[PDB]
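Reviewing the structure listed below.
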Amino acid sequence: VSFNXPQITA
Amino acid sequence: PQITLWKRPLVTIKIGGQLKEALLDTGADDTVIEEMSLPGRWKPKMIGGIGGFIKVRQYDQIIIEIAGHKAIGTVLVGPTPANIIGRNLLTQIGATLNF
Amino acid sequence: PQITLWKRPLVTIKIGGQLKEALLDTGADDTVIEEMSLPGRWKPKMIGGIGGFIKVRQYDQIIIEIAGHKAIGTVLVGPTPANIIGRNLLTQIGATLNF
Ligand SMILES: [Cl-]
Ligand SMILES: [Cl-]
Ligand code: NA
């Protein structure tokens, strides 16, 4: 329940 | 405000008249919210992160309040594990990282 | 420094004697780096992200330098699409979000 949100548009 | 990072930087947002919790995410290019109804037409987008990619619905020029600050911009809707406020809206509310 | 969010907030880090580029990520609980060797013991871990879960190796008490600033903490190594500095080390360099 480590959550890690890098996010980019594919 | 000045927000330290000992806990997740969770804030209240207001979108479509309702209050939700979301995470301020300097590692997110975009803003992504859990399934909800939004007005108007949408366009397709794919977004990637740890884990892989997901399909989302892109809605433009959506009125959204973030911790009390007004923004109007693009909101992605889909099966994200968490509501995330990304740099497109963090820049609208004048947020910076400081150390 | 004060870092704006018009572009991804990337910095140079030194870890395991190597220089790398990493994303300062307030929406990450943990620090996650692409495959590399680190000294000492490790244990397996599953972490989530947009996308789902990935399996990583967890190394504790790893010294890192982030944009000039020394810290120590846990580092996760595995198939992340981006090196990220998460909150466990952002706190140690005194990073805050401000708006
Ligand atoms: Cl936008
Ligand atoms: Cl502090
Ligand atoms: Na160790």
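Protein chains in written order, with our numbering: chain X, 1 to 10; chain V, 101 to 199; chain H, 201 to 299.
Virtual Cβ for every residue (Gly too), placed ideally from N, Cα, C.
Rounded separation between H269 (chain H) and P101 (chain V) - CA only = Taking the third sequence and counting its residues from 1, the one referred to as residue 269 (chain H) is at position 69. Taking the second sequence and counting its residues from 1, the one referred to as residue 101 (chain V) is at position 1. If I take the Cα positions, the gap works out to 24 Å.
Can you list the residues of chain H that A171 (chain V) reaches, using a CB-CB cut of under 7 Å?
-> The residue labelled residue 171 (chain V) in the question sits at position 71 within the second sequence. Under the 7 Å cutoff, chain H gives no residues; its nearest Cβ is about 11 Å from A171 (chain V).
Run the CB neighbour count on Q7 (chain X), radius 10 Å, all protein chains shown included, and call it buried at 16 or more, exposed below.
-> One-based indexing of the first sequence puts residue 7 (chain X) at position 7. Under this definition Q7 (chain X) is a buried residue.
Return helix, strand or coil for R187 (chain V), following the three-state DSSP convention.
-> Walking along the second sequence from the start, residue 187 (chain V) turns up at place 87. Residue state, collapsed to three classes: helix.
Own chain partners of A282 (chain H) with C-beta closer than 7 Å, once the 5 adjacent residues on each side are dropped = Here residue 282 (chain H) is taken as the residue at index 82 of the third sequence, counted from 1. Result list for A282 (chain H): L223, in chain order.
So, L190 (chain V) versus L205 (chain H), is the Cβ gap smaller than 7 Å?
-> Within the second sequence, residue 190 (chain V) is the residue found at index 90, counting from 1. Within the third sequence, residue 205 (chain H) is the residue found at index 5, counting from 1. Contact: yes.
Chain-order list of residues whose beta-carbon lies under 7 Å from that of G216 (chain H) (same chain, five-residue window excluded) | By 1-based counting over the third sequence, the position of residue 216 (chain H) is 16. Closer than 7 Å at Cβ, skipping near neighbours: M236, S237, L238.
Assigned secondary structure, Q192 (chain V) (DSSP; H/G/I helix, E/B strand, else coil) | Start at 1 with the first residue of the second sequence, and residue 192 (chain V) comes out as number 92. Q192 (chain V): helix per DSSP, three-state reduction.
Please report the Cβ distance between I184 (chain V) and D129 (chain V), rounded to the nearest whole angstrom; I am assuming they are in contact, meaning their Cβ atoms lie under 8 Å.
-> Stepping through the second sequence from its first residue, residue 184 (chain V) is reached at position 84. Stepping through the second sequence from its first residue, residue 129 (chain V) is reached at position 29. About 10 Å; that fails the 8 Å criterion.
Which residue comes first and which comes last in the beta strand (DSSP E) that contains residue 360 (chain H)?
-> Here chain H covers residues 201 to 299 and nothing more, so residue 360 (chain H) does not appear.
Between which two residues does the beta strand (DSSP E) harbouring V177 (chain V) extend?
-> Taking the first residue of the second sequence as position 1, residue 177 (chain V) is located at position 77. 169-177 is the span of the beta strand (DSSP E), which, as asked, contains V177 (chain V).
Just the Cα atoms here: how many angstroms apart are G127 (chain V) and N4 (chain X)?
-> Start at 1 with the first residue of the second sequence, and residue 127 (chain V) comes out as number 27. Start at 1 with the first residue of the first sequence, and residue 4 (chain X) comes out as number 4. Taking the straight line from one Cα to the other gives about 9 Å.
Hey, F153 (chain V) and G251 (chain H) are a contact pair by Cβ (cut 8 Å); roughly how many whole angstroms apart?
-> As a position in the second sequence, residue 153 (chain V) is number 53, starting the count at 1. As a position in the third sequence, residue 251 (chain H) is number 51, starting the count at 1. Sure, about 6 Å apart at Cβ, within 8 Å.
With DSSP run on the structure shown, which of helix, strand or coil describes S2 (chain X)?
-> Position 2 of the first sequence, counted from the start, is the residue given in the question as residue 2 (chain X). Residue state, collapsed to three classes: strand.
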